[PDB]
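Chemist: First portion of the complex, with coordinates as positioned in the assembly:
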Amino acid sequence: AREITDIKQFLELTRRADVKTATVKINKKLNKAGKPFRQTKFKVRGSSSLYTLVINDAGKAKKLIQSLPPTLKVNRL
């Protein structure tokens, strides 16, 4: 239902102890400049709602994939 912006507070949510699952989705889009890029969305299912962060930056994104808990179940794509 909702979108998250701040990543530091996004990470807390990544534990929360009740968040069992999540997923990593990749979208080919093209910017205002009309050039193809990869924006990625991080979706973490909470109990009653589902948060999704939008990283239009692939790098700070793909290392955040290296920022995730070993506990989490990730559905890739």
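Modeler: Received the coordinates, thanks. Numbers count the residues shown, from 1 in each chain, chains lettered A, B, ... in the order given.
Chemist: just the strands in chain A please.
Modeler: Secondary structure of chain A (DSSP state E): strands at A:2-4, A:21-30, A:36-45, A:50-55, A:73-76.
Chemist: Save those strands as TSV, and put in mean neighbour count and distance to residue A:13 too.
Modeler: The C-beta positions use only the backbone N, C-alpha and C, and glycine is treated the same way. Below are the strands of chain A laid out as TSV (neighbours: other Cβ atoms under 10 Å; distance: least, Cβ to Cβ, whole Å):
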stretch	mean neighbour count	distance to residue A:13
strand A:2-4	12	7
strand A:21-30	13	10
strand A:36-45	16	6
strand A:50-55	16	6
strand A:73-76	10	15
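Chemist: Of all those strands, which one comes closest to residue A:15?
Modeler: When the strands of chain A are compared by Cβ to Cβ, strand A:36-45 sits nearest residue A:15, at 10.0 Å.
Chemist: can you list contacts of that closest one?
Modeler: Identification of contacts with strand A:36-45 by Cβ atoms under 8 Å, 6 or more residues apart in numbering yields A:10, A:13-14, A:19-31, A:50-56, A:58, A:61-62, A:64.
Chemist: likewise stretch A:10-18?
Modeler: Under Cβ under 8 Å, 6+ apart, the answer for stretch A:10-18 is A:4, A:19, A:22, A:42, A:44, A:46-47, A:51, A:53, A:67-69, A:71-72.
Chemist: include chain B too:
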Amino acid sequence: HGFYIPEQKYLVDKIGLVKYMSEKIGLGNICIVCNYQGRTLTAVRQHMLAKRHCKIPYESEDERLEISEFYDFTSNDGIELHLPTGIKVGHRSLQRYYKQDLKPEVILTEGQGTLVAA
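Modeler: Placed with the earlier chains, chain B looks like this:
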């Protein structure tokens, strides 16, 4: 204007394909396509620019016979047609008979066949 010389590859007389075309607008004062007859060089000239004909048609098979010298050319059943490579090509009326795949040949096992012959 759009003037194009067909098969620039093959031309012998191309400096004389210029003289046969300037004889259409030069003396008798004729359009290269229409048959339209201007009274003056202005007329045929004003017109070529009008309905837009700068092109000497190569598609007309009588036009290949007329302009033939100034070139050097160097060495339907209704169902299927027959190509030089061995091809049998289909027709656009059957397009949905083509696209449709059908049942495979139904083929019995030595187990099933045997029991059916018996």
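Chemist: Take the contacts of stretch A:10-18 again, chain B included.
Modeler: Applying Cβ atoms under 8 Å, 6 or more residues apart in numbering or on different chains, the external contacts of stretch A:10-18 come out as A:4, A:19, A:22, A:42, A:44, A:46-47, A:51, A:53, A:67-69, A:71-72.
Chemist: So what does residue B:68 have for phi and psi?
Modeler: Dihedral pair for residue B:68: phi -50, psi -40, per degrees, to the nearest 10.
Chemist: if we can go back for a sec, and the contacts of stretch A:10-18, which two are the farthest apart?
Modeler: Of all pairs in the contacts of stretch A:10-18, the most separated under Cβ to Cβ is A:47 and A:67 at 22.5 Å.
Chemist: quick revisit: nearest to residue B:9, of the contacts of stretch A:10-18?
Modeler: So of those, ranked by how close each gets to residue B:9 (Cβ to Cβ), first place is residue A:42, at 60.9 Å.
Chemist: ok so, going back, neighbour count: residue A:47 and residue A:67, which is higher?
Modeler: residue A:67 (14 against 9; other Cβ atoms under 10 Å in any protein chain shown).
Chemist: Who's the closest spatial neighbour of the more buried one, skipping the chain neighbours?
Modeler: residue A:11 (7.1 Å; Cβ to Cβ, 6 or more residues apart in numbering or on different chains).
Chemist: Can you report how many residues neighbour that neighbour?
Modeler: Per other Cβ under 10 Å, the neighbour tally for residue A:11 reads 15.
Chemist: How about the one 4 residues further on?
Modeler: Using other Cβ under 10 Å, residue A:15 has 11 other residues around it.
Chemist: add chain C to what we have:
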Amino acid sequence: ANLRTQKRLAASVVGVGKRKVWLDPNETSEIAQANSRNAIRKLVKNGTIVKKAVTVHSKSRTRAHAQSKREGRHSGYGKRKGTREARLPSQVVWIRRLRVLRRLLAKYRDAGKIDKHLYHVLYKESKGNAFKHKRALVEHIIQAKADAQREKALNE
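Modeler: Now chain C, sitting on the chains shown earlier:
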């Protein structure tokens, strides 16, 4: 064989009218065996069944008669039916004329062209159908500033 049902499911699966459904007449033994949607599914993609093309309603003729209309093609009295009013109501041409002037005069007030005194007359004057159209207005304005410089230049 009785193929009614197979034609019904075809409209539903394809999601198109029974009009537009094709059943291969040569396939009439195979289509017989369909009897369920997911089977029809296979048949639909297979090509034994096909959704037929939409019959054509072409607008080219209207677009022609439409194009010519905007060249002032047939305005003729014999081409008219309704009253002048019912065709383009008077009130409407008015609310055009009015809003054109009020927006006009407004613009001038602000850009320095006319002060709020010349504005207030013209407003009250226009609303009385003292102006035919937008050019007729600017004319009365320039005649209003020209004489004001005819009452200014003799006071000097």
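Chemist: Could you re-examine the neighbour count of residue A:15 with chain C now present?
Modeler: Residues within reach of residue A:15, counting by other Cβ under 10 Å, total 11.
Chemist: just residue C:9 next, same as before
Modeler: Using other Cβ under 10 Å, residue C:9 is surrounded by 21 other residues.
Chemist: Report the contact partners of it.
Modeler: If a contact means Cβ under 8 Å, 6+ apart, then residue C:9 has C:34, C:36-37, C:40 as its contacts.
Chemist: export these to TSV and tack on neighbour count, secondary structure and distance to chain B?
Modeler: Listed next are these as TSV, based on neighbours: other Cβ atoms under 10 Å in any protein chain shown; DSSP: H, G, I helix; E, B strand; the rest coil; distance: Cβ to the nearest Cβ, whole Å:
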residue	neighbour count	secondary structure	distance to chain B
C:34	23	coil	13
C:36	11	coil	17
C:37	12	helix	19
C:40	23	helix	14
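Chemist: Residue B:70: which of those is nearest?
Modeler: Nearest to residue B:70 among these is residue C:40, at 64.7 Å by Cβ to Cβ.
Chemist: what residues are up against the closest one?
Modeler: Going by Cβ under 8 Å, 6+ apart, residue C:40 touches C:6, C:9-10, C:13, C:34, C:49.
Chemist: 7 Å instead, please
Modeler: C:6, C:9-10, C:13, C:34 (Cβ atoms under 7 Å, 6 or more residues apart in numbering or on different chains).
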